[PDB]
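Student:
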Amino acid sequence: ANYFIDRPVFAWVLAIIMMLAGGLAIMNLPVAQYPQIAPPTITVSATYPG
Amino acid sequence: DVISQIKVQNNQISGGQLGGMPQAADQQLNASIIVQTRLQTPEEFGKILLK
Amino acid sequence: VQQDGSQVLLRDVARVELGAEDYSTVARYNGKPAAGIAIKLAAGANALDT
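Read top to bottom, the protein sequences are chains V, R and C.
If you read the first sequence in this note's numbering, its first letter stands for residue 1, the second for the next number, and so on.
If you read the second sequence in this note's numbering, its first letter stands for residue 51, the second for the next number, and so on.
If you read the third sequence in this note's numbering, its first letter stands for residue 102, the second for the next number, and so on.
1) Interface residues of chain V around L149/C at Cβ under 8 Å?
2) Answer yes if the stretch 85-100 of chain R comes into contact with the stretch 58-73 of chain R, meaning at least three C-beta pairs across the two stretches below 8 Å, and no otherwise.
3) Given a cut-off of 8 Å, decide if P30/V and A146/C are closer than it, judged by their beta-carbon atoms.
4) Would you kindly work out how many angstroms separate the C-alpha atoms of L119/C and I83/R, rounded to a whole number?
5) Tell me which same chain residues have a C-beta within less than 6 Å of the C-beta of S64/R, skipping the five on either side of it?
6) Can you pull out the residues from the stretch 106-132 of chain C whose beta carbon lies closer than 7 Å to at least one beta carbon of chain R?
7) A146/C versus chain V: which residues are under 7 Å apart at the beta carbon?
8) Counting contacts by CB-CB distance shorter than 8 Å, is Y34/V in contact with chain R?
9) Below 8 Å on the Cβ atoms is my guess for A128/C versus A121/C; work out the distance and round it to an integer in Å.
10) Secondary structure at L68/R, three-state DSSP: helix, strand or coil?
11) So what's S82/R in DSSP terms, helix, strand or just coil?
12) Report the residues of the stretch 61-76 of chain R with a CB closer than 8 Å to any CB of chain V, ordered along the chain.
13) With distance defined between alpha-carbon atoms, name the residue in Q33/V, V44/V, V13/V and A1/V nearest to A148/C.
14) Once DSSP output is grouped into helix, strand and coil, what is the label at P35/V?
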């Protein structure tokens with residue numbers, strides 16, 4: 001709130017914590033072109049030769 | 051004997067294809083062969099040949 | 102085995118060959134025979150690292 005004005009070191013520590021958390025997240029975060037958008041579907045395949 | 055004859059004459063024989071992979075070169079015909087199908091009516095069932 | 106004593110073998114009535122299970126697909130890449138594989142990734146995996 002307003003009391004962060006009197007404590008610059010606390011604000012800097014919070015910013016450093018955010019930066020470290022963001023770096024750690026970027027290090028291990030799944031990447032893909034698109035997420036799972038289509039509804040789940042199950043395909044059953046059978047073969048009868050001839 | 052009746053059960054065996056029913057099992058034989060009420061089948062779904064898969065004929066195959068007249069012209070199918072691997073086919074010969076310059077082959078211009080492709081058809082599906084129908085040999086036998088399951089019976090549909092009691093009249094067809096009553097005509098099953100036993101002996 | 103015939104009454105003469107000669108042996109009838111499979112090669113005498115058929116041609117045995119290392120062929121394909123399914124012949125109903127001709128795959129070509131720029132006019133050359135080819136075979137392909139599609140990799141579908143996992144859940145929670147890194148697409149770049151994979």
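Where a beta carbon is used, it is the ideal one built from N, C-alpha and C, also for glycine.
Tutor: Based on what the coordinates show:
1) Listed by position along chain V, the residues whose Cβ is nearer than 8 Å to that of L149/C are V31.
2) Inter-segment contact for the stretch 58-73 of chain R and the stretch 85-100 of chain R is present: three or more beta-carbon pairs are separated by less than 8 Å.
3) Yes. Within cutoff.
4) Roughly 27 Å between the two C-alpha positions.
5) Excluding residues up to 5 positions away in sequence, nothing lies with its Cβ nearer than 6 Å to the Cβ of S64/R in the same chain.
6) Against chain R - using a Cβ distance shorter than 7 Å - the residues of the stretch 106-132 of chain C are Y124 and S125.
7) Within chain V, the residues near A146/C are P30.
8) Judged by the 8 Å Cβ criterion, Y34/V is not in contact with chain R.
9) About 11 Å; that fails the 8 Å criterion.
10) Strand, per DSSP.
11) When DSSP states are grouped into helix, strand and coil, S82/R belongs to the strand group.
12) Cβ contacts with chain V come from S64, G65, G66 and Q67.
13) Relative to the Cα of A148/C, the nearest Cα in the group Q33/V, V44/V, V13/V and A1/V belongs to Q33/V.
14) In this structure, DSSP gives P35/V a state outside helix and strand, which the three-state scheme calls coil.
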